[PDB]
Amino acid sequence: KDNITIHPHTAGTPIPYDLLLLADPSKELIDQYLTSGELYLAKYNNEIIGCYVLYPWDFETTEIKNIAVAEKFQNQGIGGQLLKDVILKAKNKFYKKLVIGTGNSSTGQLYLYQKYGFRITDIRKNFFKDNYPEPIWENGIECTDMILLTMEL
């Protein structure tokens, strides 16, 4: 909606694993990019309803390692508001490219990221097969490969 607020996560505050796990089934992988990344929390009427994690590769590129919206609040435009906020945060830290990777089966998400300016740029063959023990499925398609999209900032 139009009355959502976004702030960085504060030390001592609970980490919204419920939300992060909607986007990444591995709590181990989440905690790893929380080490060097920056977590942001989207609040609406005092409740944390969404989040994203920015994860620098280097000076030029930073990656959205995780972006999630509470299941009760999806498909109301909150994700788009989050993506706009990520774009500003990455620009403010002088990154030149913003990257996000999603599953080959995530065809709905491939629309959304392109709507906000991401171009499809790379395929990571068997990324999910190699990095997650149990296979992952969407829409009856096995999610084996990562599709990487890139936005020039």
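Residue positions are given as counts along the sequence shown, with the first one as 1.
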Quiz item: Would 38-46 or 83-91 have the larger average of its C-alpha temperature factors, as given in the entry?
Solution: 38-46
Exercise. Using only the Cα atoms and their B-factors as the entry lists them, report which of 22-30 and 97-105 averages higher.
Key: 22-30
Practice problem: Going by the recorded CA B-factors, say which third of the chain residue 128 sits in, lowest, middle or highest. | Solution: highest
Practice problem: Ordered by C-alpha B-factor within the chain, which third holds residue 16? Give me lowest, middle or highest, please. | Solution: middle
Self-check item: Ranked C-alpha temperature factor of residue 6 among modelled chain residues, by third
Solution: highest
Exercise. Place residue 153 in the lowest, middle or highest third of its chain's C-alpha B-factors, as listed in the PDB entry.
Key: highest
